[PDB]
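>>> Experimental structure below, sequence on top.
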There are 2 protein chains.
Amino acid sequence: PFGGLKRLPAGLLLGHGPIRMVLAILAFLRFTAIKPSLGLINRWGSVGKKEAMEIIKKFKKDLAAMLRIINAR
Amino acid sequence: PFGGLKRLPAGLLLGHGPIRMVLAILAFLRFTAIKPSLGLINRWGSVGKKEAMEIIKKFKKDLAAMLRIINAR
């Protein structure tokens, strides 16, 4: 009925939480052309290049999976 | 400040709202391995293949841009 999340965890949109979820909500804001908060931008600017690259590349493969689901539907 | 979004709009996690934002939050839930609600699943299964392909391909361009920014940092 509600799925795994009733709402975003407190502080996420302000840059607090696990780095993968912070980068995912940053991706969500970019997908929807919404400006992120200052805390979120600070978090984005402070993540190590390596771990962020890994996280975003995995996001890329998640999108690829969604596209395959759409094609196969 | 706190960015253009203090919280997700009402109903979005339950599948209500513009299709781009609904697919963006589905992407977020996939990125973070969180199960979507039945309403979101219904939206996902009901969206036109063409329109969803276009939206998700644009998301792929957004992730490419984020990766570009990380590489530039």
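Okay, I see it. Numbers count the residues shown, from 1 in each chain, chains lettered A, B, ... in the order given.

>>> Hmm, residue A:18 and residue A:47 touching each other?
No: with contact defined as CB atoms under 8 Å, residue A:47 and residue A:18 do not form a contacting pair (11.3 Å). Any C-beta I mention is one placed from the backbone N, CA and C, and that applies to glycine too.

>>> Between these two, which is the more surrounded one?
Shown here are residue A:47 and residue A:18; by other CB atoms under 10 Å in any protein chain shown, residue A:47 has more neighbours (17 against 11).

>>> Distance-wise, check the more buried one relative to chain B.
Relative to chain B, residue A:47 is positioned 8 Å away (CB to the nearest CB, to the nearest Å).

>>> The strand or helix carrying residue A:50 - contacts with which helices or strands?
Residue A:50 belongs to helix A:49-71 when elements are defined using DSSP states H and E. Contact analysis of helix A:49-71 by 3 or more CB pairs under 8 Å, 6 or more residues apart in numbering or on different chains; DSSP states H and E lists helix A:19-31, helix B:19-31, helix B:49-72 as its packing neighbours.
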